[PDB]
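An overview of the molecular structure
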Amino acid sequence: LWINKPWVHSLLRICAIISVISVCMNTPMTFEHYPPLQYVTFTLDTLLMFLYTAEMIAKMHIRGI
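Cut-offs used in this document
- Residues numbered from 1 in each chain as written, not as in the entry; some residues may be left out.
- Part of a larger assembly, values for the part shown.
- Heavy atoms only, no water.
- Residues with missing side-chain atoms left out of burial classes, pairs and counts.
- Helix = DSSP H or I, 4+ residues; strand = E, 2+ residues; numbered from the N terminus.
- Buried < 20%, exposed > 50% of the residue type's maximum accessible area, 1.4 Å probe, protein only.
- Contact = heavy atoms within 4.5 Å.
- Patch = residues over 30% accessible without salt bridge, like charges linked within 9 Å, V, L, I, M, F, W, Y side chains within 5 Å.
- Areas by Shrake-Rupley, 256 points an atom, 1.4 Å probe, with all protein chains shown as cover.
- Salt bridge = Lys/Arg side-chain N within 4 Å of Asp/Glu carboxyl O.
- Axes fitted to C-alpha atoms, helices over the stretch in contact; angles between N-to-C directions.
- Left-handed = near helix turned anticlockwise from the far one by under 90°.
- Nonpolar A, V, L, I, M, F, W, Y, C, P; charged D, E, K, R; others polar.

In its metadata, the entry names cryo-EM as the structure determination method and reports 3.2 Å as the resolution.

Under the PDB entry, the name given to the protein chain is Sodium leak channel non-selective protein, and the source organism is Rattus norvegicus.

As structure tokens, then:
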């Protein structure tokens, strides 16, 4: 349906790459270097978690648990 767009899956893949980058940018030394990076990765993780939870609950609305 709306969440099964041909390009929305590419958006999800790009989001996964962004999540990989963010988790690669989560170190005590990196945060000490740039606490702004700490805030940025927190916000990115929050957005990605929101999107992935939404798509998971939408997907499970059709297929059984």
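A few points about the environment of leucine 37
Looking at the secondary structure, you find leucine 37 in helix α3 (residues 35–60). A relative accessible area of 28% places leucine 37 in the partly exposed class. Residues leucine 37 and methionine 25, twelve residues apart in the sequence, show an inter-C-alpha distance of 7.7 Å. Setting aside residues no more than four positions away along its own chain, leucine 37 makes contact with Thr30 and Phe31.

Comments concerning a nonpolar patch on the surface
Residues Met56, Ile57 and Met60 make up a contiguous nonpolar surface patch of roughly 270 Å² in combined accessible area. For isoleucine 57, the location among the structural elements is in helix α3.

Some words on the packing of helix α1 (residues 8–24) against α3
Their axes nearest at 10 Å, the elements α1 and α3 cross at an angle of 145°. In this structure, α1 crosses over α3, and the sense of that crossing is left-handed. Contacts between α1 and α3 pair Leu12, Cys15, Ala16, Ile18, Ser19 and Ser22 from the former with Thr41, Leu44, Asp45, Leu48, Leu51 and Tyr52 from the latter. Across the contact of α1 with α3, the residue classes break down as eight nonpolar, three polar and one charged.

Quick look at the side chain of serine 22
For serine 22, the position within the fold is in helix α1. For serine 22, a relative accessible area of 1% gives the class buried. Other than its neighbours up to four places away in sequence, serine 22 contacts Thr41, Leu44 and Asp45.

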